[PDB]
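Presented below, as structure tokens, is a lone chain in the form deposited in one PDB entry.
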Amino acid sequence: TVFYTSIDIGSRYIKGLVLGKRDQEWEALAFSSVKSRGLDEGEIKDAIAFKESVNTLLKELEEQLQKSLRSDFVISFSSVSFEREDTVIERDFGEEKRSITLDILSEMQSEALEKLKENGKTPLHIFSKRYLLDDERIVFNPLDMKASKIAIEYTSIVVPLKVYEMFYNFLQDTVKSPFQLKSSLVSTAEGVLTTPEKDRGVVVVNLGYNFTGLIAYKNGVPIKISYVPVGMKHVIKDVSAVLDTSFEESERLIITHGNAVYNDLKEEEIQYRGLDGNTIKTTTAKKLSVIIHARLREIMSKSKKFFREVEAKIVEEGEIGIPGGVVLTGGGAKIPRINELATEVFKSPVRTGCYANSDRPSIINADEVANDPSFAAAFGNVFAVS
């Protein structure tokens, strides 16, 4: 039995999941979400507040287990500074043929790591985009083959070295166990997509708090990664501005009553407190949905630029359109009727992403969070890119 603690560090919530694996079998042992403190705009802005928020989650998880289990950690975070980088590493053995070994592959991959580091970048995910043996044949796994020459093109999802170091050092400090750091957006895609979507082409739109993350898959791997710098935080701010209420009351209103489609709504009255925390004010669910709307149309319209960019890259491989359409994830994916709005914008199939609707293995007792789009990355963290 191996145990994993997966943590997905968002700028509004930190989510955690403890899993156990035996043979082919997985079970969920604990899960929770806490308020995030000290992160903003993809950066730790208050390390002491960050540490305490993380600690608060670990304490919940341990109360659920009732046992002080050892596990290995996998921890993901979001950032607008994720980028895709391509690196080629070549080994020429001259005249003789030799067996390609785990040693040779491990060394070539170390080399690609150093080449990205020399360029001030650290990969959170690295995989091979192509193996080429003797300048003439493409293989998918070169292990035990014979070649005089091997070239490997790696695709990496990287962040700046200094971003990596800050997270690594604070986390090591807090988590007192071996850990690996990952991209929340890559792990979201791994937690929610099916294998035929990842192979034939699909776009994940992550409706997060500080910004909307965008990632596209083809041939089983990420082919493009980007963002729109407008997220649920701006929707919250719009409501707080029109109603004159606190950030917290505006988010409560959105989560409680928000709808992405307003044009058929009744004028149901809803109540909230003004900034003095005391006066009761009144609006309608329709009116709240009118605010929400404009900003969500904005986010989906700017994400459509990325969708069309991908659609061009995918059509070059002989696909018609992006066959998988759009999968919506993150907190904003829980707004009622968001898929209806996204379908009007994208003119494409749109579904909600969650671990339950991927084709990943059933996890015993995981249902409550397997069905939650904001837990996708927490699951995806325990799986790797093809």
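Here, rigid core means the biggest group of C-alpha atoms that superpose within 1.5 Å across both forms. Position 1 is the first residue in the sequence shown; the rest follow in order.
The same protein also has a form deposited in another entry, omitted here; what follows describes it.
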{"property": "Position that moves between this form and the one not shown after core superposition, taken from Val159, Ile100, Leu181, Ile291, with Cα shift of 2 Å or more", "result": "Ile100"}
{"property": "Core superposition between this form and the one not shown, C-alpha change of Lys305 at least 2 Å", "result": "no"}
{"property": "CA of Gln172, rigid core aligned, shift of 2 Å or more between this form and the one not shown", "result": "no"}
{"property": "Core superposition between this form and the one not shown, C-alpha change of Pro123 at least 2 Å", "result": "no"}
{"property": "Outcome for the Cα pair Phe170, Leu69 in the other form, compared with this form (closer or farther; change of 3 Å or more)", "result": "closer"}
{"property": "Distance trend in the other form - C-alpha atoms of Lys129 and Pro349, change of 3 Å or more", "result": "farther"}
